[PDB]
Each structure stands twice: as C-alpha cells, then as structure tokens.
>>> print(open('start.txt').read())   # compact mmCIF, C-alpha atoms
# COMPACT_ATOMS: atom_id res chain seq x y z
CA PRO N 635 0.00 0.00 0.00
CA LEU N 636 1.00 3.59 -0.30
CA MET N 637 -0.21 4.28 3.23
CA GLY N 638 2.18 1.56 4.33
CA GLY N 639 1.37 -1.72 5.91
CA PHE N 640 0.96 -5.04 4.21
CA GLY N 641 -0.60 -5.81 0.88
CA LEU N 642 -2.78 -8.90 0.89
CA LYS N 643 -4.56 -10.88 -1.79
CA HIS N 644 -6.97 -12.36 0.78
CA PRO N 645 -7.23 -9.81 3.55
CA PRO N 646 -9.08 -10.51 6.75
CA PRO N 647 -12.77 -10.70 5.97
CA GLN N 648 -14.88 -7.78 7.06
CA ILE N 649 -17.53 -8.41 9.68
CA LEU N 650 -20.96 -6.94 9.02
CA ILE N 651 -23.62 -6.48 11.67
CA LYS N 652 -27.14 -5.09 11.88
CA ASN N 653 -30.01 -4.86 14.30
CA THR N 654 -32.79 -7.18 13.28
CA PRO N 655 -35.60 -4.76 12.44
CA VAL N 656 -38.63 -4.96 14.70
CA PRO N 657 -41.84 -3.62 13.16
CA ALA N 658 -44.36 -1.71 15.20
CA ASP N 659 -47.99 -2.76 15.29
CA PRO N 660 -49.37 -3.03 11.75
CA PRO N 661 -53.02 -2.21 11.05
CA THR N 662 -55.73 -4.83 11.30
CA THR N 663 -56.88 -4.61 7.69
CA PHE N 664 -54.31 -6.05 5.31
CA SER N 665 -52.15 -3.58 3.42
CA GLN N 666 -50.15 -4.29 0.29
CA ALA N 667 -47.39 -1.87 1.28
CA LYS N 668 -44.31 -2.84 3.23
CA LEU N 669 -44.19 -1.84 6.88
CA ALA N 670 -42.95 1.72 7.31
CA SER N 671 -42.77 1.79 11.11
CA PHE N 672 -40.21 0.29 13.46
CA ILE N 673 -39.29 0.32 17.13
CA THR N 674 -36.34 2.62 17.72
CA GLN N 675 -33.58 0.33 18.82
CA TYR N 676 -29.87 -0.07 19.41
CA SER N 677 -27.59 -2.79 20.68
CA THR N 678 -24.37 -2.96 22.65
CA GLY N 679 -21.83 -5.60 23.48
CA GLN N 680 -18.19 -6.55 23.75
CA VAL N 681 -15.77 -7.50 20.99
CA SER N 682 -12.39 -9.18 21.32
CA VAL N 683 -9.63 -9.68 18.78
CA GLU N 684 -6.17 -11.21 19.02
CA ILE N 685 -3.34 -11.27 16.52
CA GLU N 686 -0.44 -13.70 16.63
CA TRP N 687 2.61 -11.91 15.26
CA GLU N 688 5.98 -13.23 14.15
CA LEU N 689 9.17 -11.29 14.82
CA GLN N 690 12.53 -11.27 13.10
CA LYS N 691 15.05 -11.04 15.91
CA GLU N 692 17.65 -8.32 15.64
CA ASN N 693 21.12 -9.84 15.46
CA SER N 694 23.82 -7.30 14.80
CA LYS N 695 27.40 -6.62 15.71
CA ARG N 696 27.33 -2.82 15.80
CA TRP N 697 29.66 -1.69 18.56
CA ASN N 698 28.22 1.63 19.66
CA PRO N 699 24.68 2.00 21.00
CA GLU N 700 21.76 2.20 18.62
CA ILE N 701 19.03 4.82 18.49
CA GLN N 702 15.99 3.97 20.58
CA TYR N 703 12.57 5.48 20.99
CA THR N 704 12.33 6.80 24.52
CA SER N 705 10.03 9.09 26.43
CA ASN N 706 11.31 12.48 27.50
CA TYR N 707 13.43 12.52 30.63
CA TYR N 708 12.45 16.09 31.50
CA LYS N 709 9.32 17.10 33.39
CA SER N 710 6.11 17.96 31.60
CA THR N 711 2.63 19.24 32.36
CA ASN N 712 1.22 15.74 32.13
CA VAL N 713 2.15 12.28 30.96
CA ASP N 714 2.21 11.57 27.24
CA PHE N 715 0.12 8.71 25.85
CA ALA N 716 -2.02 9.03 28.96
CA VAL N 717 -5.20 10.74 30.01
CA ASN N 718 -5.50 14.42 30.80
CA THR N 719 -7.46 16.28 33.45
CA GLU N 720 -10.86 16.00 31.80
CA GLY N 721 -10.22 12.40 30.78
CA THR N 722 -9.34 12.84 27.11
CA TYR N 723 -6.73 10.32 26.05
CA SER N 724 -4.07 11.88 23.86
CA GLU N 725 -1.09 10.74 21.82
CA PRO N 726 1.39 13.57 21.27
CA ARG N 727 3.35 12.45 18.21
CA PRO N 728 3.41 9.66 15.63
CA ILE N 729 5.78 6.77 16.16
CA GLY N 730 7.99 5.58 13.34
CA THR N 731 8.92 1.94 13.15
CA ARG N 732 12.55 2.38 12.13
CA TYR N 733 15.28 2.88 14.72
CA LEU N 734 17.50 -0.18 14.72
CA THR N 735 20.16 -0.19 12.04
CA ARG N 736 21.22 -2.78 9.49
CA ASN N 737 24.12 -3.01 7.08
CA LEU N 738 22.87 -2.45 3.56
CA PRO Q 635 30.20 -2.90 47.99
CA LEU Q 636 30.06 0.83 48.19
CA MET Q 637 31.38 1.13 44.65
CA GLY Q 638 28.43 -0.99 43.62
CA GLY Q 639 28.46 -4.41 42.12
CA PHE Q 640 28.09 -7.69 43.91
CA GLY Q 641 29.45 -8.72 47.27
CA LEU Q 642 30.86 -12.22 47.34
CA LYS Q 643 32.15 -14.48 50.08
CA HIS Q 644 34.15 -16.54 47.55
CA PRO Q 645 34.98 -14.20 44.71
CA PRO Q 646 36.60 -15.39 41.54
CA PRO Q 647 40.16 -16.40 42.34
CA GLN Q 648 42.87 -14.06 41.17
CA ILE Q 649 45.29 -15.36 38.57
CA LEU Q 650 48.98 -14.69 39.21
CA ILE Q 651 51.66 -14.93 36.55
CA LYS Q 652 55.40 -14.39 36.32
CA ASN Q 653 58.25 -14.89 33.89
CA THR Q 654 60.43 -17.76 34.98
CA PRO Q 655 63.72 -16.02 35.77
CA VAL Q 656 66.61 -16.98 33.52
CA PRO Q 657 70.05 -16.37 35.03
CA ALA Q 658 72.93 -15.14 32.95
CA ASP Q 659 76.22 -17.00 32.89
CA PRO Q 660 77.51 -17.48 36.44
CA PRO Q 661 81.26 -17.50 37.13
CA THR Q 662 83.29 -20.69 36.96
CA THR Q 663 84.48 -20.65 40.56
CA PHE Q 664 81.66 -21.39 42.97
CA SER Q 665 80.13 -18.44 44.79
CA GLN Q 666 78.02 -18.60 47.93
CA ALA Q 667 75.89 -15.63 46.88
CA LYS Q 668 72.66 -15.92 44.94
CA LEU Q 669 72.76 -15.01 41.27
CA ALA Q 670 72.37 -11.27 40.74
CA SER Q 671 72.20 -11.26 36.93
CA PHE Q 672 69.36 -12.20 34.62
CA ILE Q 673 68.45 -12.06 30.95
CA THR Q 674 66.11 -9.16 30.29
CA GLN Q 675 62.89 -10.77 29.25
CA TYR Q 676 59.19 -10.33 28.66
CA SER Q 677 56.34 -12.48 27.46
CA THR Q 678 53.16 -11.96 25.49
CA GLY Q 679 50.07 -13.97 24.72
CA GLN Q 680 46.32 -14.07 24.46
CA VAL Q 681 43.76 -14.36 27.24
CA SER Q 682 40.08 -15.23 26.95
CA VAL Q 683 37.29 -15.01 29.50
CA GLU Q 684 33.57 -15.72 29.28
CA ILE Q 685 30.80 -15.06 31.78
CA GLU Q 686 27.43 -16.76 31.72
CA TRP Q 687 24.87 -14.29 33.04
CA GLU Q 688 21.29 -14.76 34.18
CA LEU Q 689 18.63 -12.17 33.45
CA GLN Q 690 15.37 -11.33 35.16
CA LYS Q 691 12.96 -10.60 32.34
CA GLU Q 692 11.06 -7.35 32.53
CA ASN Q 693 7.34 -8.02 32.74
CA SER Q 694 5.29 -4.92 33.33
CA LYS Q 695 1.96 -3.46 32.39
CA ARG Q 696 2.90 0.22 32.20
CA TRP Q 697 0.88 1.78 29.41
CA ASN Q 698 3.04 4.65 28.23
CA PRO Q 699 6.56 4.17 26.88
CA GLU Q 700 9.46 3.76 29.27
CA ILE Q 701 12.72 5.68 29.33
CA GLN Q 702 15.48 4.10 27.28
CA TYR Q 703 19.15 4.78 26.83
CA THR Q 704 19.67 5.91 23.27
CA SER Q 705 22.43 7.56 21.30
CA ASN Q 706 21.96 11.12 20.15
CA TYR Q 707 19.90 11.57 17.02
CA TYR Q 708 21.66 14.80 16.05
CA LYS Q 709 24.93 15.01 14.14
CA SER Q 710 28.27 15.16 15.92
CA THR Q 711 31.94 15.59 15.13
CA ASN Q 712 32.51 11.86 15.45
CA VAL Q 713 30.81 8.74 16.71
CA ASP Q 714 30.61 8.16 20.45
CA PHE Q 715 31.99 4.94 21.92
CA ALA Q 716 34.14 4.67 18.81
CA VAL Q 717 37.62 5.58 17.73
CA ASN Q 718 38.75 9.07 16.84
CA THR Q 719 41.07 10.36 14.15
CA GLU Q 720 44.33 9.35 15.81
CA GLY Q 721 42.88 6.02 16.92
CA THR Q 722 42.14 6.74 20.57
CA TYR Q 723 39.03 4.92 21.70
CA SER Q 724 36.81 7.11 23.84
CA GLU Q 725 33.64 6.73 25.90
CA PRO Q 726 31.89 10.07 26.37
CA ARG Q 727 29.73 9.51 29.45
CA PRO Q 728 29.05 6.88 32.11
CA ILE Q 729 26.08 4.59 31.65
CA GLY Q 730 23.66 4.02 34.49
CA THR Q 731 21.92 0.69 34.77
CA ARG Q 732 18.49 1.99 35.77
CA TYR Q 733 15.94 3.03 33.17
CA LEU Q 734 13.07 0.56 33.24
CA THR Q 735 10.50 1.23 35.92
CA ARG Q 736 8.88 -0.98 38.53
CA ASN Q 737 6.01 -0.47 40.93
CA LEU Q 738 7.37 -0.13 44.44
>>> encode(input="start.txt", output="structure tokens")
Amino acid sequence: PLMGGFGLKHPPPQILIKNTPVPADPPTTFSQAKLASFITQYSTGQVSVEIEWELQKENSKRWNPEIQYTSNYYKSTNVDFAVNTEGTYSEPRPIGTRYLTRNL
Amino acid sequence: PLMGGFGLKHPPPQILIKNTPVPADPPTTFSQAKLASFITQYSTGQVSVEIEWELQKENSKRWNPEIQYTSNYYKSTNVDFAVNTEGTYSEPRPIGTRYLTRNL
C-alpha cells in the first residue's frame, strides 16, 4: 500500500452487523405496502480480537549503542500517551517503526 | 560494595603470573651468593574469558513508553563509543543501569 502496511490478496474478511428490524404494530386490515414503522432500537456488546505476530530477531554486531525510541526525561505538564485532566486520552506524536540499524 | 556491584564471600580467584627467571652466565668458581644477573625478558600472549549471566525478564503493564538509553539523534563531530582520528578509543559519558520502571 501507499499508506504503508501489508498488501494482501486475501485480507481478513470484514464483519458486518445489523439490528434485526422490529416492526411496530401493523393495522388490522391487510395492506399491500411494506411496513414503514419500526421500534427505535440499538444494541451494545463486547468484541475481542487477538493477533499472533511473528518477529525477526535483531542480530547485529554494531559496537556503539543504537538509536531507541524513549520518552522524554524532563518534566512535563502531564504524561504523554495518557489521560489528561478531563479524561481525554491523547497521543502527542506519531511513532515511526525504524530505529535499529542494518548493514545495507 | 560501596562502589556498587556484587558482594561475594568466595569471589573469583585471582590469577597470578610471572616470567620464569633466567640467570645469565655465572662464574666458573663457585660463589656462595645468589645469582644477581638475569636475561632481560618479557612475554606476550592471548587471554580469553567468558561469563554466563542470568537475566530477570522485565514483565510490566505500564501503558506509556518507558525511558530508554539511546544515542543522540543529532549530528556530531565523530561517533561516540568509537575511535577518533588518531585512533584513541573514547567513551563520552558513564552509563547508568536503571531506566526501566517498577512499581514499588
């Protein structure tokens, strides 16, 4: 992909879900038309997903230290990647995936 | 220890080594005195040492990133922990052992 990530020829299927429509009380006398009324409705539940990942271990002889992604040492108003006063979770900056080095 | 490290009641033994003294030519007529002359000498070789270490894996639920020891991202005159122009190896700063965090 241009956005990055993995291209796949058989991606994970997409799950589709809908409330089963519940019609309100239809009239007594038959009517040819389809039922235009329904009971306002919504549903809630829990969903769980796991992904088993495979890693390629980093095996390298570079003498000096590498570069690593690390949180700031210095004080700040409030913790990054954590909630704020009013409870709004916030992530300050994007995280690149490339730090460790490899000989071309 | 106060310097840090591990205290031990049976530390690794200390290896001691010496050139076996080689006397120069003593006189023909016997002499009571011990031999005061020797052949100037030195020896060279290779030494190898390995240490099998045990680690306590870090298992922790902290949500936000930790602090990590990482080399500078920004450019510098020359690489740290690596040789300089004239070939003098140099280590810029001490390295503490404590970064990862643990709930007291």
>>> closest_residue(input="start.txt", among="N:698, N:687, N:734, N:729", to="chain Q", atoms="all atoms listed in the file")
N:698
>>> closest_atom_pairs(input="start.txt", of="chain N", to="chain Q", cutoff="12 Å", atoms="all atoms listed in the file", output="Markdown table")
| residue | atom | partner | partner_atom | distance |
| --- | --- | --- | --- | --- |
| N:696 | CA | Q:716 | CA | 10.6 |
| N:697 | CA | Q:716 | CA | 7.8 |
| N:698 | CA | Q:715 | CA | 5.5 |
| N:699 | CA | Q:705 | CA | 6.0 |
| N:700 | CA | Q:705 | CA | 6.0 |
| N:701 | CA | Q:704 | CA | 4.9 |
| N:702 | CA | Q:704 | CA | 5.0 |
| N:703 | CA | Q:702 | CA | 7.1 |
| N:704 | CA | Q:701 | CA | 5.0 |
| N:705 | CA | Q:701 | CA | 5.2 |
| N:706 | CA | Q:701 | CA | 7.2 |
| N:707 | CA | Q:701 | CA | 7.0 |
| N:708 | CA | Q:701 | CA | 10.6 |
| N:712 | CA | Q:698 | CA | 11.9 |
| N:713 | CA | Q:698 | CA | 8.2 |
| N:714 | CA | Q:698 | CA | 7.0 |
| N:715 | CA | Q:698 | CA | 5.5 |
| N:716 | CA | Q:698 | CA | 6.7 |
| N:717 | CA | Q:698 | CA | 10.4 |
| N:723 | CA | Q:698 | CA | 11.5 |
| N:724 | CA | Q:698 | CA | 11.0 |
| N:725 | CA | Q:698 | CA | 9.8 |
| N:726 | CA | Q:698 | CA | 11.4 |
| N:729 | CA | Q:699 | CA | 11.1 |
| N:733 | CA | Q:704 | CA | 10.1 |
| N:734 | CA | Q:704 | CA | 10.7 |
>>> atom_distance(input="start.txt", atom1="atom CA of residue N:730", atom2="atom CA of residue Q:728")
28.2 Å
>>> atom_distance(input="start.txt", atom1="atom CA of residue N:693", atom2="atom CA of residue N:639")
23.4 Å
>>> atom_distance(input="start.txt", atom1="atom CA of residue Q:671", atom2="atom CA of residue Q:656")
8.7 Å
>>> axis_aligned_box(input="start.txt", around="stretch 684-702 of chain Q", padding_each_side="4 Å", output="AutoDock Vina command-line options")
--center_x 17.2 --center_y -5.5 --center_z 31.0 --size_x 40.7 --size_y 30.4 --size_z 16.3
>>> residues_around(input="start.txt", residues="residue Q:676", least_positions_apart="6", cutoff="12 Å", atoms="only C-alpha atoms", output="ChimeraX atom specification")
/Q:651-656
>>> decode(input="start.txt", residues="stretch 655-692 of chain N", atoms="N, CA, C and O atoms", output="PDB file, in the first residue's frame")
ATOM      1  N   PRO N 655     -34.557  -5.769  12.327  1.00  0.00           N
ATOM      2  CA  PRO N 655     -35.604  -4.756  12.439  1.00  0.00           C
ATOM      3  C   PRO N 655     -36.842  -5.323  13.103  1.00  0.00           C
ATOM      4  O   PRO N 655     -37.258  -6.445  12.823  1.00  0.00           O
ATOM      5  N   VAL N 656     -37.422  -4.542  14.002  1.00  0.00           N
ATOM      6  CA  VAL N 656     -38.630  -4.961  14.700  1.00  0.00           C
ATOM      7  C   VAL N 656     -39.778  -4.035  14.334  1.00  0.00           C
ATOM      8  O   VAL N 656     -39.785  -2.865  14.741  1.00  0.00           O
ATOM      9  N   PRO N 657     -40.765  -4.507  13.591  1.00  0.00           N
ATOM     10  CA  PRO N 657     -41.844  -3.621  13.163  1.00  0.00           C
ATOM     11  C   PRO N 657     -42.787  -3.295  14.300  1.00  0.00           C
ATOM     12  O   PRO N 657     -43.036  -4.110  15.187  1.00  0.00           O
ATOM     13  N   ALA N 658     -43.319  -2.082  14.263  1.00  0.00           N
ATOM     14  CA  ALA N 658     -44.363  -1.709  15.196  1.00  0.00           C
ATOM     15  C   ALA N 658     -45.657  -2.402  14.802  1.00  0.00           C
ATOM     16  O   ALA N 658     -45.706  -3.190  13.857  1.00  0.00           O
ATOM     17  N   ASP N 659     -46.713  -2.105  15.530  1.00  0.00           N
ATOM     18  CA  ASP N 659     -47.992  -2.758  15.291  1.00  0.00           C
ATOM     19  C   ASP N 659     -48.590  -2.379  13.942  1.00  0.00           C
ATOM     20  O   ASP N 659     -48.947  -1.214  13.730  1.00  0.00           O
ATOM     21  N   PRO N 660     -48.729  -3.317  13.018  1.00  0.00           N
ATOM     22  CA  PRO N 660     -49.366  -3.026  11.747  1.00  0.00           C
ATOM     23  C   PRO N 660     -50.868  -2.910  11.915  1.00  0.00           C
ATOM     24  O   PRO N 660     -51.417  -3.343  12.937  1.00  0.00           O
ATOM     25  N   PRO N 661     -51.564  -2.330  10.946  1.00  0.00           N
ATOM     26  CA  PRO N 661     -53.021  -2.206  11.048  1.00  0.00           C
ATOM     27  C   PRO N 661     -53.694  -3.564  10.988  1.00  0.00           C
ATOM     28  O   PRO N 661     -53.089  -4.576  10.646  1.00  0.00           O
ATOM     29  N   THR N 662     -54.970  -3.585  11.369  1.00  0.00           N
ATOM     30  CA  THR N 662     -55.728  -4.830  11.298  1.00  0.00           C
ATOM     31  C   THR N 662     -56.004  -5.225   9.856  1.00  0.00           C
ATOM     32  O   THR N 662     -55.687  -6.342   9.433  1.00  0.00           O
ATOM     33  N   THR N 663     -56.594  -4.324   9.085  1.00  0.00           N
ATOM     34  CA  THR N 663     -56.884  -4.613   7.690  1.00  0.00           C
ATOM     35  C   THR N 663     -55.588  -4.759   6.909  1.00  0.00           C
ATOM     36  O   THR N 663     -54.669  -3.951   7.063  1.00  0.00           O
ATOM     37  N   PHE N 664     -55.520  -5.786   6.071  1.00  0.00           N
ATOM     38  CA  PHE N 664     -54.312  -6.046   5.308  1.00  0.00           C
ATOM     39  C   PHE N 664     -53.936  -4.836   4.472  1.00  0.00           C
ATOM     40  O   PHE N 664     -54.794  -4.088   4.003  1.00  0.00           O
ATOM     41  N   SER N 665     -52.636  -4.639   4.292  1.00  0.00           N
ATOM     42  CA  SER N 665     -52.153  -3.579   3.422  1.00  0.00           C
ATOM     43  C   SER N 665     -51.032  -4.106   2.546  1.00  0.00           C
ATOM     44  O   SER N 665     -50.094  -4.741   3.034  1.00  0.00           O
ATOM     45  N   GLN N 666     -51.134  -3.821   1.251  1.00  0.00           N
ATOM     46  CA  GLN N 666     -50.145  -4.293   0.293  1.00  0.00           C
ATOM     47  C   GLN N 666     -48.756  -3.754   0.589  1.00  0.00           C
ATOM     48  O   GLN N 666     -47.762  -4.437   0.329  1.00  0.00           O
ATOM     49  N   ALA N 667     -48.669  -2.552   1.146  1.00  0.00           N
ATOM     50  CA  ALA N 667     -47.389  -1.872   1.277  1.00  0.00           C
ATOM     51  C   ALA N 667     -46.527  -2.517   2.353  1.00  0.00           C
ATOM     52  O   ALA N 667     -47.027  -3.143   3.288  1.00  0.00           O
ATOM     53  N   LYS N 668     -45.213  -2.364   2.207  1.00  0.00           N
ATOM     54  CA  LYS N 668     -44.307  -2.842   3.234  1.00  0.00           C
ATOM     55  C   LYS N 668     -44.406  -1.952   4.463  1.00  0.00           C
ATOM     56  O   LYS N 668     -44.858  -0.808   4.400  1.00  0.00           O
ATOM     57  N   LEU N 669     -43.969  -2.492   5.593  1.00  0.00           N
ATOM     58  CA  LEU N 669     -44.186  -1.841   6.877  1.00  0.00           C
ATOM     59  C   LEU N 669     -43.213  -0.683   7.037  1.00  0.00           C
ATOM     60  O   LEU N 669     -41.997  -0.870   6.971  1.00  0.00           O
ATOM     61  N   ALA N 670     -43.750   0.511   7.251  1.00  0.00           N
ATOM     62  CA  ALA N 670     -42.949   1.721   7.311  1.00  0.00           C
ATOM     63  C   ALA N 670     -42.574   2.132   8.725  1.00  0.00           C
ATOM     64  O   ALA N 670     -41.854   3.117   8.895  1.00  0.00           O
ATOM     65  N   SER N 671     -43.035   1.415   9.739  1.00  0.00           N
ATOM     66  CA  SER N 671     -42.766   1.789  11.115  1.00  0.00           C
ATOM     67  C   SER N 671     -41.874   0.749  11.772  1.00  0.00           C
ATOM     68  O   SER N 671     -41.901  -0.430  11.414  1.00  0.00           O
ATOM     69  N   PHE N 672     -41.070   1.197  12.728  1.00  0.00           N
ATOM     70  CA  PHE N 672     -40.209   0.292  13.465  1.00  0.00           C
ATOM     71  C   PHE N 672     -40.022   0.823  14.868  1.00  0.00           C
ATOM     72  O   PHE N 672     -40.270   1.996  15.146  1.00  0.00           O
ATOM     73  N   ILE N 673     -39.581  -0.058  15.753  1.00  0.00           N
ATOM     74  CA  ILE N 673     -39.289   0.315  17.128  1.00  0.00           C
ATOM     75  C   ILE N 673     -37.856   0.812  17.189  1.00  0.00           C
ATOM     76  O   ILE N 673     -36.923   0.070  16.870  1.00  0.00           O
ATOM     77  N   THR N 674     -37.680   2.064  17.599  1.00  0.00           N
ATOM     78  CA  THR N 674     -36.341   2.617  17.721  1.00  0.00           C
ATOM     79  C   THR N 674     -35.515   1.719  18.617  1.00  0.00           C
ATOM     80  O   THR N 674     -35.984   1.271  19.663  1.00  0.00           O
ATOM     81  N   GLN N 675     -34.294   1.422  18.197  1.00  0.00           N
ATOM     82  CA  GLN N 675     -33.576   0.332  18.823  1.00  0.00           C
ATOM     83  C   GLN N 675     -32.085   0.568  18.680  1.00  0.00           C
ATOM     84  O   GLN N 675     -31.645   1.266  17.769  1.00  0.00           O
ATOM     85  N   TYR N 676     -31.313   0.001  19.600  1.00  0.00           N
ATOM     86  CA  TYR N 676     -29.873  -0.071  19.413  1.00  0.00           C
ATOM     87  C   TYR N 676     -29.363  -1.215  20.261  1.00  0.00           C
ATOM     88  O   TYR N 676     -30.037  -1.669  21.181  1.00  0.00           O
ATOM     89  N   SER N 677     -28.160  -1.667  19.956  1.00  0.00           N
ATOM     90  CA  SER N 677     -27.591  -2.787  20.676  1.00  0.00           C
ATOM     91  C   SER N 677     -26.169  -2.465  21.081  1.00  0.00           C
ATOM     92  O   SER N 677     -25.515  -1.606  20.492  1.00  0.00           O
ATOM     93  N   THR N 678     -25.696  -3.170  22.100  1.00  0.00           N
ATOM     94  CA  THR N 678     -24.369  -2.956  22.648  1.00  0.00           C
ATOM     95  C   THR N 678     -23.790  -4.289  23.074  1.00  0.00           C
ATOM     96  O   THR N 678     -24.526  -5.204  23.448  1.00  0.00           O
ATOM     97  N   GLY N 679     -22.472  -4.384  23.047  1.00  0.00           N
ATOM     98  CA  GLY N 679     -21.826  -5.600  23.475  1.00  0.00           C
ATOM     99  C   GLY N 679     -20.331  -5.437  23.549  1.00  0.00           C
ATOM    100  O   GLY N 679     -19.809  -4.324  23.513  1.00  0.00           O
ATOM    101  N   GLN N 680     -19.637  -6.562  23.637  1.00  0.00           N
ATOM    102  CA  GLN N 680     -18.194  -6.551  23.751  1.00  0.00           C
ATOM    103  C   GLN N 680     -17.603  -7.315  22.582  1.00  0.00           C
ATOM    104  O   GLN N 680     -18.175  -8.301  22.121  1.00  0.00           O
ATOM    105  N   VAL N 681     -16.451  -6.865  22.107  1.00  0.00           N
ATOM    106  CA  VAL N 681     -15.772  -7.500  20.991  1.00  0.00           C
ATOM    107  C   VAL N 681     -14.318  -7.711  21.361  1.00  0.00           C
ATOM    108  O   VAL N 681     -13.706  -6.860  22.009  1.00  0.00           O
ATOM    109  N   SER N 682     -13.765  -8.849  20.970  1.00  0.00           N
ATOM    110  CA  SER N 682     -12.394  -9.181  21.318  1.00  0.00           C
ATOM    111  C   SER N 682     -11.673  -9.740  20.109  1.00  0.00           C
ATOM    112  O   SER N 682     -12.233 -10.535  19.352  1.00  0.00           O
ATOM    113  N   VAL N 683     -10.427  -9.324  19.939  1.00  0.00           N
ATOM    114  CA  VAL N 683      -9.631  -9.678  18.777  1.00  0.00           C
ATOM    115  C   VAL N 683      -8.193  -9.883  19.213  1.00  0.00           C
ATOM    116  O   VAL N 683      -7.655  -9.094  19.993  1.00  0.00           O
ATOM    117  N   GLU N 684      -7.571 -10.946  18.729  1.00  0.00           N
ATOM    118  CA  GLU N 684      -6.174 -11.208  19.023  1.00  0.00           C
ATOM    119  C   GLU N 684      -5.434 -11.397  17.718  1.00  0.00           C
ATOM    120  O   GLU N 684      -6.026 -11.798  16.721  1.00  0.00           O
ATOM    121  N   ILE N 685      -4.143 -11.095  17.715  1.00  0.00           N
ATOM    122  CA  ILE N 685      -3.337 -11.273  16.518  1.00  0.00           C
ATOM    123  C   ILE N 685      -2.010 -11.889  16.907  1.00  0.00           C
ATOM    124  O   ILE N 685      -1.235 -11.276  17.641  1.00  0.00           O
ATOM    125  N   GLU N 686      -1.720 -13.065  16.382  1.00  0.00           N
ATOM    126  CA  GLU N 686      -0.440 -13.700  16.634  1.00  0.00           C
ATOM    127  C   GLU N 686       0.571 -13.188  15.627  1.00  0.00           C
ATOM    128  O   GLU N 686       0.396 -13.369  14.423  1.00  0.00           O
ATOM    129  N   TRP N 687       1.634 -12.572  16.111  1.00  0.00           N
ATOM    130  CA  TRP N 687       2.613 -11.915  15.264  1.00  0.00           C
ATOM    131  C   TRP N 687       3.912 -12.700  15.288  1.00  0.00           C
ATOM    132  O   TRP N 687       4.230 -13.366  16.271  1.00  0.00           O
ATOM    133  N   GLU N 688       4.667 -12.616  14.208  1.00  0.00           N
ATOM    134  CA  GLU N 688       5.982 -13.226  14.151  1.00  0.00           C
ATOM    135  C   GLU N 688       7.032 -12.137  14.053  1.00  0.00           C
ATOM    136  O   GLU N 688       6.857 -11.167  13.318  1.00  0.00           O
ATOM    137  N   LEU N 689       8.120 -12.293  14.789  1.00  0.00           N
ATOM    138  CA  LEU N 689       9.168 -11.292  14.817  1.00  0.00           C
ATOM    139  C   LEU N 689      10.419 -11.832  14.155  1.00  0.00           C
ATOM    140  O   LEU N 689      10.688 -13.032  14.193  1.00  0.00           O
ATOM    141  N   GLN N 690      11.194 -10.939  13.563  1.00  0.00           N
ATOM    142  CA  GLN N 690      12.530 -11.268  13.097  1.00  0.00           C
ATOM    143  C   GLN N 690      13.505 -10.664  14.092  1.00  0.00           C
ATOM    144  O   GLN N 690      13.650  -9.442  14.163  1.00  0.00           O
ATOM    145  N   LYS N 691      14.173 -11.520  14.852  1.00  0.00           N
ATOM    146  CA  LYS N 691      15.050 -11.040  15.905  1.00  0.00           C
ATOM    147  C   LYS N 691      16.162 -10.194  15.315  1.00  0.00           C
ATOM    148  O   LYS N 691      16.618 -10.416  14.195  1.00  0.00           O
ATOM    149  N   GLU N 692      16.595  -9.212  16.081  1.00  0.00           N
ATOM    150  CA  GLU N 692      17.648  -8.317  15.639  1.00  0.00           C
ATOM    151  C   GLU N 692      18.980  -8.870  16.101  1.00  0.00           C
ATOM    152  O   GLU N 692      19.245  -8.939  17.303  1.00  0.00           O
TER     153      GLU N 692
END
